[PDB]
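A short write-up of the structure that comes next.
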Amino acid sequence: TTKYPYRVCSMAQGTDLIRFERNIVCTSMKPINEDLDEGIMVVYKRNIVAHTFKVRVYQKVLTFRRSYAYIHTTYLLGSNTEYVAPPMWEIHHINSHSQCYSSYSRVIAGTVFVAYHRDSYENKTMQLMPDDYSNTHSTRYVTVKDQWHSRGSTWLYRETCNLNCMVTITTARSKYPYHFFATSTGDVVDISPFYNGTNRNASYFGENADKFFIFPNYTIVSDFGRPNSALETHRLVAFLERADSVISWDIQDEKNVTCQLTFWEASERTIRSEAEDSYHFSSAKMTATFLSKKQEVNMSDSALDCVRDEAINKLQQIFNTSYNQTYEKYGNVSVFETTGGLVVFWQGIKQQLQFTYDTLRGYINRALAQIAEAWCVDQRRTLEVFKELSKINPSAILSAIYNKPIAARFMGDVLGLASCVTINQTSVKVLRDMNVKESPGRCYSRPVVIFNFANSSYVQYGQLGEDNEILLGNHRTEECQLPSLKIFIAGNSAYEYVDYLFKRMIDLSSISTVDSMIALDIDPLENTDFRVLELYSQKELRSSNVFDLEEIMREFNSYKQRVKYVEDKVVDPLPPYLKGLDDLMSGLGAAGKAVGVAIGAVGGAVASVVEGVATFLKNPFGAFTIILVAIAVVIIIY
Amino acid sequence: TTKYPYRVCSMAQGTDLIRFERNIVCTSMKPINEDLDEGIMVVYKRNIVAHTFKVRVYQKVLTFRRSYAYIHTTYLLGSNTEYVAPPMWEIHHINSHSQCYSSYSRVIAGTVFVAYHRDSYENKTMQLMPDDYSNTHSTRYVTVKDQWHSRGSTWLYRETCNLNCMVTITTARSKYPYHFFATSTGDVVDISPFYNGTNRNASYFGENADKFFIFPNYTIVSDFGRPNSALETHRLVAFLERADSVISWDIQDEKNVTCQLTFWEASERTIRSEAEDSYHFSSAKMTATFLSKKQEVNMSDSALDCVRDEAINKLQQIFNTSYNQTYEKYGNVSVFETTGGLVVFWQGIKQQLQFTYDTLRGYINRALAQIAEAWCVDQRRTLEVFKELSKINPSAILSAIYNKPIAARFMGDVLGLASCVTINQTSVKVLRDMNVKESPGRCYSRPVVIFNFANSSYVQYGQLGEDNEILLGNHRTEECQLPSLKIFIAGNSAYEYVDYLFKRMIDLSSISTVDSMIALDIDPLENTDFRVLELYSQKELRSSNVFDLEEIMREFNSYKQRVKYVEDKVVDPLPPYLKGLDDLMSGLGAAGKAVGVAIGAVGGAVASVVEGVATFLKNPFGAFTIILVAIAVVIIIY
Amino acid sequence: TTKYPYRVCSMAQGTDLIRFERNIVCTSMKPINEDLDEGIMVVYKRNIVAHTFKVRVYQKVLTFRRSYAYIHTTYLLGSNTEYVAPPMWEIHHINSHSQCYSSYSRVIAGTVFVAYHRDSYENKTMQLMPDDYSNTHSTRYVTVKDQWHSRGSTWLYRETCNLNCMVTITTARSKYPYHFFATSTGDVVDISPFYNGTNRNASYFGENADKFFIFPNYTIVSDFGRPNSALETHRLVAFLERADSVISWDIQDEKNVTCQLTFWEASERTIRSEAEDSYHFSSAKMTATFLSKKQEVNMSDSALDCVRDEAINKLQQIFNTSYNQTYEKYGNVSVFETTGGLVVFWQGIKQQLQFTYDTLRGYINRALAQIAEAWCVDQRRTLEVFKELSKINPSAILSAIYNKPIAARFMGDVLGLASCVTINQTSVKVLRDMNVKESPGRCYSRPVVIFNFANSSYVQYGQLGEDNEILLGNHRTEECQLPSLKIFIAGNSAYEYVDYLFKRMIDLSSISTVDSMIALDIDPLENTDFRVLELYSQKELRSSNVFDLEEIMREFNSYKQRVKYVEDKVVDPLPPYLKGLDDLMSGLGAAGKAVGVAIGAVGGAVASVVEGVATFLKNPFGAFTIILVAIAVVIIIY
Ligand SMILES: C[C@H](NC(=S)Nc1ccc(NC(=O)c2cscn2)cc1)c1cc(C(F)(F)F)cc(C(F)(F)F)c1
Ligand SMILES: C[C@H](NC(=S)Nc1ccc(NC(=O)c2cscn2)cc1)c1cc(C(F)(F)F)cc(C(F)(F)F)c1
Ligand SMILES: C[C@H](NC(=S)Nc1ccc(NC(=O)c2cscn2)cc1)c1cc(C(F)(F)F)cc(C(F)(F)F)c1
Ligand SMILES: *[C@@H]1O[C@H](CO)[C@@H](O)[C@H](O)[C@H]1NC(C)=O
Ligand SMILES: *[C@@H]1O[C@H](CO)[C@@H](O)[C@H](O)[C@H]1NC(C)=O
Ligand SMILES: [Ca+2]
C-alpha cells in the first residue's frame with residue numbers, strides 16, 4: 001500500500017499562504033470585427049524561487065508544581081510553566097559542548113532567585129538527548145524527557161521545579177522581496193536572511209538595535225546528542241535575542257538569478273478577436289481567456305533572454321506535429337504581455353467557392369468563440385462554490401484541486417499549507433476493539449490506533465481516518481446502539497466492524513459506486529431500527545436519543561437546546577445570592593405586606609452573625625475545637 | 001475604502017421573502033422538423049411595484065425588579081418585564097405634545113393597580129428623547145434611557161418599577177394584491193393599506209371590529225423630541241389596537257398603473273425548433289430555453305400598450321447593429337407568450353452550391369441547438385448545489401449571486417432579505433489586543449471593535465469579520481496556543497497579528513491566490529507544532545486539545561462527546577433521590593439477603609425524622625436558636 | 001397531496017451500500033488520425049439481481065429494576081436490561097402454538113437462577129400480540145407491551161423483573177456471490193442462503209459447527225397473534241443460535257439465470273476517433289466517453305444470447321427514426337467491450353466540391369469531439385463537490401440525484417440506503433402552538449406533530465420537517481424572541497406562524513423564487529430588531545444572545561466558547577482535593593515561609609480525625625444518635 005502511507009497530517013503552521021480572490025470578471029467579446037484570425041501560442045506565467053536555510057532556536061522551559069502528600073494518595077494543587085530564553089554564555093556552552101547547565105539565575109527588579117532543577121542546590125551540567133517528535137524538517141534535543149512525581153514525606157506541602165533546557169533545529173522559508181522569514185514551528189521575524197552588518201539600505205532590517213549579534217568564525221558542534229562530536233566553523237552566525245527564545249541562523253550568500261518562467265501550458269488552437277487594441281486569445285482549451293494591448297513587447301527585451309531561443313523551437317515542433325504542408329505559416333513569431341502579468345507568444349497560421357469556404361470557416365470560428373465566451377462564467381461559479389466548501393474541510397478540497405496530499409489550516413482569513421508527516425510505517429497496530437474499557441455503554445466512533453513517531457521508542461494513541469491517515473487524539477467516543485455494521489475505508493481495502501468486534505477484512509468490490517449507479521437500482525428495502533424507536537417513545541431522549549449520524553444537518557437543530565442545558569446547568573453550581581438568603585424570596589413569594597420588612601431586617605442581623613459562625617466552623621481547627629468541647633461537656637455530665 | 005464600508009448586517013426581518021424552488025425540467029428537443037429557423041428576439045418578464053408608507057408604533061414597557069441590600073453589596077432577586085399598549089388618551093397626548101405620562105393604570109379582573117415610574121406616587125409628564133439605535137428606516141423616542149440601580153437602605157427587601165414609554169417610526173412594505181403589510185421591526189397585520197371606511201369589497205380587511213379607529217384631520221406633531229414642534233394635519237389616520245402595541249398609519253391614496261415590464265435581456269442570435277405547436281427559442285446565450293404555444297398574442301392587446309411602440313425600435317437597431325445588407329428581414333414582428341408568464345417578441349431574419357451551403361448551415365445549427373439542450377441540465381445541478389450551500393452562509397451565497405451586499409436570514413423554510421446597516425464610519429477603533437484581560441489563558445478569536453451607531457453617543461462592542469463588516473457581540477473567545485500568525489482580511493488590506501499583538505499592516509500582495517496557482521507550487525514545507533503534540537501525549541486532551549480550527553469537519557466528530565459531558569455533568573447537581581438515601585443502595589450493593597428490608601424500614605423512620613430536623617435547622621432563626629442553646633448550656637456548665 | 005405523503009424516514013440500516021469513488025480520469029483524444037468516423041450505438045451495463053426471503057428472529061428481553069417507596073413518592077434506584085436467546089424447546093413451543101413461557105432458567109457457572117416474570121413463582125404461558133412499530137418489511141409480536149410501576153409497600157426496597165418474550169419477522173437481502181445476507185434490523189450472518197446440509201464446496205459457510213440446525217418438514221404456525229391459526233409445513237428450516245438471539249430462515253431454492261442487461265441508454269449520434277487500438281466512442285450525449293480494444297467480442301458469444309436478437313432491431317428502428325434514404329448503412333453491426341465492463345454495440349452510417357464538403361464535415365466533427373473532450377472534466381468536479389455536500393445532508397443529495405425519496409445514513413465511510421416509512425396518513429394533527437407549556441421563555445423551533453404508526457393505537461410525538469416529512473423527537477426547543485414570522489413548507493402549501501400562533505394557511509405563490517429573480521429586485525428595506533440589540537448592549541449575551549439562525553457559519557465561531565463553559569462548569573462539581581484541604585493553599589497563598597510545614601502537619605492530623613467523624617455523622621443512624629444525646633443532655637440540665 002505504497003499509494004497511501006500512514007500520515008498524521010492535521011496540523012499546518014505558516015511559511016505558506018494562499019487566498020481565494022473574490023472578483024474575477026469575464027468579458028463581452030462582440031464589439032467589432034466579425035472577421036478574426038487564428039494561430040498557435042504557448043503560455044507561461046511568472047514565478048519566484050523561495051529560500052530554505054535551517055534556523056536554530058534555543059529555549060528553556062521551567063515549571064513549578066506544588067503538591068500535598070496524604071498517607072495513601074498525593075494531591076497536586078496546581079502547576080504553572082513558563083518559558084525563558086537562556087543567557088549568552090549558556091548558549092556558547094551549548095554550541096561548544098552540547099551540554100547545558102541546571103541552574104537558572106534570573107533577577108526580578110530587586111534581587112536574584114537562583115532556581116534549581118530538583119532543589120538539589122548544585123551547578124551540574126546535563127547532556128542533550130533526542131526527543132520523540134521528529135520529522136524531515138524538525139528535531140529536538142530536550143534534556144529532561146520525563147516528569148517528576150516524587151511523593152515525598154506525608155503531610156508536607158512542597159513545590160518543585162523542572163528546568164527543561166531545549167534546543168530545536170527547524171527550517172525556515174522566505175519569499176520575495178526577502179524581508180521576513182517564517183520558521184517551521186511558527187516563529188516569524190522581520191529581518192532579511194541576507195542582512196549582514198553592512199547591508200542596511202540594500203536589505204531590510206526592522207527588529208531592534210541591542211537584540212542582534214553577528215559572530216564570525218563561530219565554532220559550532222556538528223550534531224547535538226553525541227557527547228563529543230566534530231566541530232565546524234561557519235562563516236557568519238546571527239543571534240536575535242527575544243523575550244522568551246533565542247533564534248540563530250547562518251548569514252546566507254547572494255542569490256542566483258536566471259529568469260522567471262513557469263511553462264504553464266502549450267495549446268494547439270487559438271482564436272483571436274481583435275476589437276480595437278485588446279487582442280483576445282480565445283483559446284480552445286476552454287480554460288484560457290486572456291487580453292493584451294496591441295504592442296509587441298520587443299522580444300529582444302532585457303528580462304526574458306533565457307527563454308529567448310527556447311521560445312521559437314517548441315512552436316516549430318507543434319507545427320510539424322500537425323501542420324505538415326496543408327497549413328502555411330504567417331509572418332514571424334509575436335510576443336504579447338497580458339493584463340495579468342504573464343507573457344504569451346504565438347505564431348500565425350493559415351491555409352468562386354473559395355469565398356464560400358471562407359464564410360463557412362468564419363461562421364464556425366465565431367460560433368466556437370461565442371461558446372467559449374459563454375463558458376467563461378462557470379469558472380467564477382466554481383470558485384464561488386469552493387470558497388464555501390473550503391469551510392467544511394480545507395484539506396480535502398485542496399488535495400482534490402492540487403492532486404497532492406496536502407494538510408491545510410485556516411489562519412483567520414488565509415489558508416496555511418503543509419505536507420503530511422510520515423509515521424514509522426511498520427509498527428501501527430489497529431486494535432480490533434471499539435468499546436471503552438472503563439465506561440460501560442460507550443464505545444469509540446473510529447478504530448483506535450497505536451503508531452510510533454520516527455526515531456523514537458514511545459508509543460502514542462490516535463484514531464484511523466479516511467484514506468488511511470491517522471488523526472491525533474483518543475476522544476472520539478460515542479454512546480452506541482446495537483446492531484452496527486461500520487465499514488472504514490483504507491483504500492483499496494475496507495475494515496468491517498460488526499457489533500464493534502472486527503468481523504473480517506473485505507476487498508473493495510462489493511460496494512457499488514454511485515457514479516456507476518446512475519441508472520435504476522432495483523429497490524430500497526425500507527429497513528427499521530427498534531432500539532431507537534423504543535427509546536424515543538418513552539421520553540428519555542437525552543443522550544442515546546440520537547448521535548447526529550447525518551451530522552451537519554441534524555446537528556444544528558439541537559445546538560440551541562444544548563445551550564439551554566449548559567446555561568441552566570451552570571446557574572445552579574454558580575455563586576448564588578448567599579443560599580441562606582434564597583428562602584426570604586419564598587417568604588415574600590407566598591404572601592405578606594409589611595411584616596416582610598421587619599422579617600428581612602431580623603434575618604439580616606441573624607445571617608450576619610451566623611455567616612461568621614459558619615466561617616469559623618469551616619476551618620479544621622475550629623471543627624476540632626467544637627468536637628473537643630462537645631466531648632468534654634458530655635464527659636462532665638458523668 | 002469606500003468600496004467596503006463598515007456594516008453590522010447580521011439581522012434581517014421580513015418584508016422580503018425568497019425561495020429555492022426544487023423541480024425545474026429540461027426538454028427533449030428532437031421530436032420532428034430537422035429543418036429550423038432563426039431570428040432576433042428580446043425578452044422581459046413580469047414584475048409588480050411595492051409600496052412603502054412609514055407606519056408608527058406606540059408601546060410602553062414596564063418592568064419590576066426586586067432586590068435586597070447587604071451592608072457592602074446589593075443582590076438582585078430576579079426581575080421581569082412586560083409590554084402593554086397605552087390607552088387612547090395617552091396616544092392623543094403623545095401625538096399632540098410629544099410627551100407622555102408616568103403612571104400606568106391597568107385593571108386586572110377585579111380592581112385597579114396604579115403603577116408608578118419610581119414609586120414617587122405622582123402623575124408627572126416625561127419628554128421623549130432620541131435612542132441609540134438609529135437607521136435610515138427606523139427611529140425611537142424612548143423616555144427613560146438608563147436603568148435604576150438605587151441601592152436603598154440596608155436590610156430592606158424592596159421592588160421598583162421602570163415604566164419606559166416609547167414610540168417608534170418604521171417603514172412597511174406590502175406587495176400585490178395588497179392585503180397584508182409587514183413593518184421593518186417584524187410586525188405583520190392583515191389589513192390592506194388602502195382600506196378606508198367604505199372599501200370592504202374592493203380592499204381586504206380581516207383583523208377585528210372594535211380594534212380599529214379612523215380619524216380625519218388628525219393634528220400630528222411633525223417630529224418628536226423637540227419640546228414644541230410644528231403640527232401638520234393629515235387626511236386620514238388609522239389605529240389598530242392590539243393586545244400589546246398600537247399601530248398607526250396614514251390611509252394611502254389610489255395606486256398608479258402603467259404596465260408590468262422588466263427588460264430582462266436583449267439577445268442577438270436565437271434558434272427556433274418548431275415541433276408541432278411548441279416553438280422553442282433555443283437562445284444562444286446558453287441560459288435561455290423557453291417554450292410557447294403556436295398563437296400570436298395580438299400585439300394590439302389591452303395589457304402591454306406601453307411597450308407597444310418601444311417593442312419595435314430596439315429590434316431595428318440591433319439589426320442595424322450587425323445586419324446591414326447581407327442579412328434581410330423576414331416578415332413582420334411576432335409576439336409569443338411563454339409558459340412561465342413572460343412575453344417575448346422577435347423579428348425573423350435570413351440571408352447548385354446554394355443547396356450545399358444550406359445543408360452546412362442547417363447541420364451547424366442543429367449541432368449548436370443540441371449542445372445548448374444538453375447544457376440545460378447544469379443549471380438544475382447548480383440550483384441543487386446552492387440549495388445546500390445556503391445552509392452554511394446565506395449572506396455570502398446571496399451576495400455572490402446578486403452582486404450586492406445583502407444580509408439574509410432563515411425563517412423556518414424561506415429566506416428573509418435586507419440590506420446592511422451603516423455605522424458612523426468615522427470612530428471605529430480596532431483594538432490592537434486579543435488577550436482577555438480578566439481570564440489568563442484565553443484570548444479572542446477575531447479582533448474586538450468599538451463602533452458607534454449613527455446619531456448617538458453610546459459606545460458598543462463588536463468583532464471584525466471578513467470584507468470589513470462588523471458582527472455583533474464580544475463572546476468569540478478561545479483558548480489559544482503560541483505561536484500564532486493570524487491574518488484578517490479588510491480588502492484590500494490585511495491585518496497581521498503575531499502572538500496576538502498587532503505586528504503590522506500588510507498590503508494584499510504577498511498572498512498568492514489559488515486561482516493563479518493552478519500550476520505546481522514549489523514544495524510544501526511539512527511544518528509541525530510541539531505544544532499541541534505535548535498536550536496530546538500526556539492525556540489531558542479536554543480544553544486546549546483542539547480548537548476545531550478546520551471547523552465543520554473536526555467539529556462533528558466531537559459533538560457526541562460533549563453531549564455525554566453535559567449529561568453526566570448535569571446528573572450530579574440535579575435533584576437526587578434524597579442523597580441520604582443513596583447509601584442504602586451501597587448497603588445492599590455489597591451483600592445482605594433479608595436484613596436489608598428491616599434496615600430499610602428503620603432507615604425510613606430515621607430519615608423521616610432527620611429530614612424535618614434538618615429543614616428546621618436550615619432557617620436562620622433555627623440556627624440562631626441552636627447556637628443560643630449550645631452557648632447557654634456551656635455557660636451553665638460553669 | 002398524494003405527491004408528498006407523510007414519512008418518518010430518518011433511519012436506515014444496511015442491506016444497501018454505496019460509495020463515492022475518488023479518482024476518475026479523462027483522456028487526451030488527439031494522438032493520431034485526424035480523420036474519424038461516426039455511427040449509431042446503444043449502451044447498457046451489467047447488473048445482478050438480489051434475493052429477499054423473509055427471515056425470522058426470536059429474542060427474550062429481561063430487565064431488572066430496583067426501587068424504594070416513600071410515603072408519597074417512589075424513587076427508582078436504577079435499572080438494567082439484558083437480552084438472552086431462548087432455548088430450543090421454547091422456540092418449538094413458540095412455532096407450534098404461538099405462546100411462550102414466563103420463566104427463564106439460565107445457569108451461571110455454578111448453579112441455576114430461575115427468574116420469573118413478576119416474582120409470582122409460576123410457570124404460566126403468555127400469548128403474543130402485535131406491537132406498535134409496523135411496516136411493510138417488519139413486524140413484532142411482543143408479549144408484554146406495558147411497563148410495571150407497582151408501588152408496593154412503603155419503606156421496602158425491592159426489585160422486579162419484566163421478561164418480555166418477543167418474535168420478529170424481517171426481510172433480508174443478499175447479493176452476488178451470495179455469501180452473507182443482512183436483515184432489515186441490522187443483523188448480519190456469514191452464511192449463504194442456499195446452504196443446505198450438503199453444499200459446503202458449492203455454497204459458502206463460515207459461522208460455526210454446533211450453532212446450526214436444519215429441520216425438514218417443520219410445522220410452523222402461519223401467523224402469530226391469533227390463538228389458534230392454521231399450520232403449514234415448510235421444506236427446510238434453519239436455525240443459527242447466537243449468543244443473544246436466534247435467527248431462522250427457509251432454505252431457498254436454486255437461482256434462475258437469464259442474463260445481465262440494464263439498457264442504460266440509446267444514443268443517436270456518436271463520434272469515433274480510432275487512435276491505434278483504442279476506439280473512442282465520443283458520444284454526443286455529453287456524458288458518455290468510453291474506450292475499448294480493437295477486437296470484436298464475437299456476437300455469437302456464450303454470455304449474451306438473450307439480447308442477441310434484441311441487439312439488432314432497435315438500431316434498425318432508430319435508423320428508420322431519422323435516416324430514411326439520405327444516410328446509408330455501412331457494414332454489419334459491431335460489438336465492443338469497454339474498459340469498465342459494459343458491452344456497447346453500434347451500426348456504422350455514412351452519406352470537385354465533394355472534397356470541400358468532406359473537409360467541412362471533418363472539421364466540424366473534430367471541433368465537437370474536442371468540445372466534449374474538454375467537457376469531460378466537469379463531471380469529475382461535480383463528483384468532488386458532492387463528496388463534500390453529502391456530509392451536510394445525505395438524504396437530500398441522494399434524493400436529488402436519484403429523483404426518488406431516499407433516506408440514507410453514514411456507516412463510517414459508506415452510505416446505507418432505505419426508503420421511507422409511511423404513517424397512517426389520516427390522523428396526523430399538527431398542533432397550532434409552539435410555546436413549551438411547562439417552561440416560560442422557551443418555544444419550539446418546528447411545529448410539533450402527533451402521528452400514529454400503522455396498525456396501532458398508541459400516539460407518538462414528532463416534529464414537522466421540509467417537504468412534509470416527519471422527523472422523530474420532541475426536543476428541538478429554542479429560546480425565542482418576538483416578533484417572528486416563521487413559514488414552513490409543506491408543498492405546495494406553507495404554514496405561517498406569526499408570534500408562534502398559527503396565523504393562517506398561505507398558498508405558495510407570494511414567495512418569489514430566486515431562480516425567477518435573477519434580475520434586479522427593487523430594493524431591500526434594511527430592517528432592524530431592537531430586542532436583540534438591547535440584549536447585546538447590556539452584556540448578558542449568554543442564552544438569548546443568538547440562536548445561530550444562520551447556523552453552520554455562526555455556529556462554529558461559538559463552539560470553542562461552549563467548550564470552556566463545559567470545562568469550567570464540570571471542574572467545580574467534580575471530585576476536588578478534599579475541599580477542607582483547599583484552604584491550605586490560600587494559607588500558603590498569602591505569605592509564610594516555614595510555618596506552613598508545621599501548619600500542614602497539624603492540619604493533616606486534624607483532618608484525618610475530622611473526616612472519620614464526618615463519615616460517621618453522614619449515616620442516618622449516627623445523626624439520630626447525635627440528636628438523641630444532645631436532647632438527653634439538654635434534658636439532664638433540668
Ligand atoms: C414560615 C417561617 N419562615 C421564615 S421565618 N422564613 C425566612 C427565611 C429566610 C429569611 N431571611 C433570610 O434568608 C435573610 C438573608 S439576609 C437577610 N435575611 C427570613 C425568613 C418559618 C420559621 C421557622 C422558625 F421559626 F423555626 F424559624 C420554621 C419554619 C419551618 F418549620 F417551616 F421550617 C418556617
Ligand atoms: C455498615 C453500616 N451501614 C449502614 S447502617 N448503612 C445504611 C445507610 C443508609 C440506610 N438508609 C437510608 O439511607 C434510607 C433512606 S430512606 C430509608 N432509608 C440504611 C443503612 C454502618 C453503620 C454505622 C452506624 F451504625 F454508626 F450508623 C456506621 C458505619 C460506618 F462507620 F462505616 F460509617 C457503617
Ligand atoms: C488564618 C488562619 N488560617 C488557617 S489556620 N488556615 C488553614 C486552613 C487549612 C489548613 N489545612 C488543611 O486544610 C489540611 C488539609 S489536609 C492537611 N491540612 C491549615 C490551615 C485561621 C485560623 C482560625 C482558627 F484558629 F480559628 F482555626 C480561624 C480563622 C478565621 F477566623 F479567619 F476563619 C483563620
Ligand atoms: C545606503 O544606505 C545609506 C544609509 O546611511 C543611505 O544613506 C544611502 O542612500 C544608501 N544607498 C547608497 C547607494 O549609499
Ligand atoms: C466438494 O467439496 C469437497 C469437500 O470435502 C471437496 O473436497 C471437493 O473438491 C469439492 N468439489 C467436488 C467436485 O467434489
Ligand atoms: Ca458546469
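Just so you know, the numbers here start at 1 and follow the chain as drawn.
Including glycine, each Cβ sits where the backbone N, Cα and C put it.
In three-state terms derived from DSSP, A:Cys9 (disulfide bond) belongs to neither a helical nor a strand segment and is classed as coil. According to Swiss-Prot, the disulfide bond annotation covers A:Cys9-A:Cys420 (among others).
Among the features that Swiss-Prot reports, disulfide bond is placed at A:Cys26-A:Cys376 (among others). Under DSSP, A:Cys376 (disulfide bond) is assigned to a helix (H, G or I) in the three-state scheme. The Cβ of A:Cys376 (disulfide bond) has A:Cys26, A:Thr27, A:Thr289 as same-chain neighbours under 8 Å, each 6 or more residues away in sequence.
Sequence-distant contacts (6 or more apart, same chain, Cβ under 8 Å) of A:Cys165 (disulfide bond) comprise A:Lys60, A:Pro86, A:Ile94, A:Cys100, A:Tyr101, A:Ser102, A:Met126, A:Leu128, A:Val142, A:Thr143, A:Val144. Here Swiss-Prot flags A:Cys100-A:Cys165 (among others) as disulfide bond.
Feature annotation from Swiss-Prot assigns disulfide bond to A:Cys259-A:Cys306 (among others). In this view, A:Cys306 (disulfide bond) is surrounded by 13 other Cβ atoms within 10 Å of its Cβ, with every protein chain counted. Taken residue by residue with DSSP, A:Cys306 (disulfide bond) is part of neither helix nor strand, so it is coil.
Residues or ranges marked as disulfide bond by Swiss-Prot on the basis of sequence analysis: A:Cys443-A:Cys480 (among others). The number of other CB atoms found within 10 A of the CB of A:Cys480 (disulfide bond), across every protein chain shown, is 20. Following the DSSP three-state reduction, the secondary structure of A:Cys480 (disulfide bond) is coil.
The number of other CB atoms found within 10 A of the CB of A:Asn123 (N-linked glycosylation site), across every protein chain shown, is 11. Sequence annotations record features per position, and here Swiss-Prot assigns N-linked glycosylation site to A:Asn123 (among others).
Among the features that Swiss-Prot reports, N-linked glycosylation site is placed at A:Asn196 (among others), with the record citing sequence analysis. DSSP assigns A:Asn196 (N-linked glycosylation site) to coil in the three-state reduction, outside any helix or strand. Taking a C-beta cut-off of under 8 angstroms and a sequence separation of 6 or more, A:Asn196 (N-linked glycosylation site) has the following same-chain neighbours: A:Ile214, A:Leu236, A:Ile251.
According to Swiss-Prot, the N-linked glycosylation site annotation covers A:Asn201 (among others). The Cβ of A:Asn201 (N-linked glycosylation site) has 7 other Cβ atoms within 10 Å, all protein chains considered.
Residues or ranges marked as N-linked glycosylation site in Swiss-Prot: A:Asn217 (among others). The Cβ of A:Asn217 (N-linked glycosylation site) has 9 other Cβ atoms within 10 Å, all protein chains considered.
Every protein chain shown contributes to the tally, and the Cβ of A:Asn256 (N-linked glycosylation site) ends up with 6 other Cβ atoms within 10 Å. A:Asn256 (N-linked glycosylation site) falls outside any helix or strand according to DSSP and counts as coil. The annotation N-linked glycosylation site is assigned in Swiss-Prot to A:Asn256 (among others) on the grounds of sequence analysis.
The annotation N-linked glycosylation site is assigned in Swiss-Prot to A:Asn298 (among others) on the grounds of sequence analysis. Around the Cβ of A:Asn298 (N-linked glycosylation site), the number of neighbouring Cβ atoms within 10 Å comes to 10.
Per Swiss-Prot, N-linked glycosylation site is recorded for A:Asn320 (among others), and the stated evidence type is sequence analysis. Reduced to three states, the DSSP call for A:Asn320 (N-linked glycosylation site) is helix.
Annotation comment: Swiss-Prot describes A:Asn324 (among others) as N-linked glycosylation site. Its Cβ placed at the centre, A:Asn324 (N-linked glycosylation site) has 8 other Cβ atoms within 10 Å.
Mapped onto three states, the DSSP output places A:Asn332 (N-linked glycosylation site) in strand. Other Cβ atoms within 10 Å of the Cβ of A:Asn332 (N-linked glycosylation site), summed over all protein chains shown, number 10. The N-linked glycosylation site annotation in Swiss-Prot covers A:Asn332 (among others).
The secondary structure of A:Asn424 (N-linked glycosylation site), as reduced to three states from DSSP, is coil rather than helix or strand. Taking the Cβ of A:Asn424 (N-linked glycosylation site) as centre and 10 Å as the limit, one finds 13 other Cβ atoms among all the protein chains shown. If you look up Swiss-Prot, you'll see A:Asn424 (among others) marked as N-linked glycosylation site, on the strength of sequence analysis.
If you look up Swiss-Prot, you'll see A:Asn455 (among others) marked as N-linked glycosylation site. Sequence-distant contacts of A:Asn455 (N-linked glycosylation site), defined as residues of its own chain at least six apart whose C-beta falls under 8 angstroms from its C-beta, comprise A:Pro130, A:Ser134.
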Most Cβ neighbours inside 10 Å, all chains, among the disulfide-bonded residues A:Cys26, A:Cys100, A:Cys259, A:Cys443: A:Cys100
Interval of 46 unresolved-in-model residues, reported as the Cα distance (Å) from A:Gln351 through to A:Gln352: 16
Distal contacts, the region 'Involved in fusion and/or binding to host membrane' (A:67-73) - CB-CB under 8 A, six or more residues away: 151-160
Pairwise Cα distance for A:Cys480 (disulfide bond)/A:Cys9 (disulfide bond) [Å, integer]: 28
Recorded positions close to ligand 4 - of A:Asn196, A:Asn201, A:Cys420, only those whose C-beta is under 6 Å away: A:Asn201
DSSP state at A:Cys100 (disulfide bond), helix/strand/coil: strand
Integer Å distance between the CA atoms belonging to A:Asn324 (N-linked glycosylation site) and A:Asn256 (N-linked glycosylation site): 41
A:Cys9 (disulfide bond) to A:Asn324 (N-linked glycosylation site) - Cα separation in whole Å: 52
For A:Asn320 (N-linked glycosylation site), the one of A:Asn201, A:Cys259, A:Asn298, A:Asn332, A:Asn424 that lies nearest, given that the recorded positions are compared by Cα: A:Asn332
Nearest of the recorded positions (A:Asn123, A:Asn201, A:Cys259, A:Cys306, A:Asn324) to A:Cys420 (disulfide bond), judged by Cα-Cα distance: A:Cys259
Rounded to the nearest Å - Cα separation of A:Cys306 (disulfide bond) and A:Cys443 (disulfide bond): 63
All-chain count of other Cβ atoms within 10 Å of A:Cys420 (disulfide bond): 22
Structural state census, the region 'Hydrophobic membrane proximal region' (A:566-618) (DSSP three-state): 42 helix, 0 strand, 11 coil
Fewest-neighbour residue among recorded positions, criterion Cβ within 10 Å, set A:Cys9, A:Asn320: A:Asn320
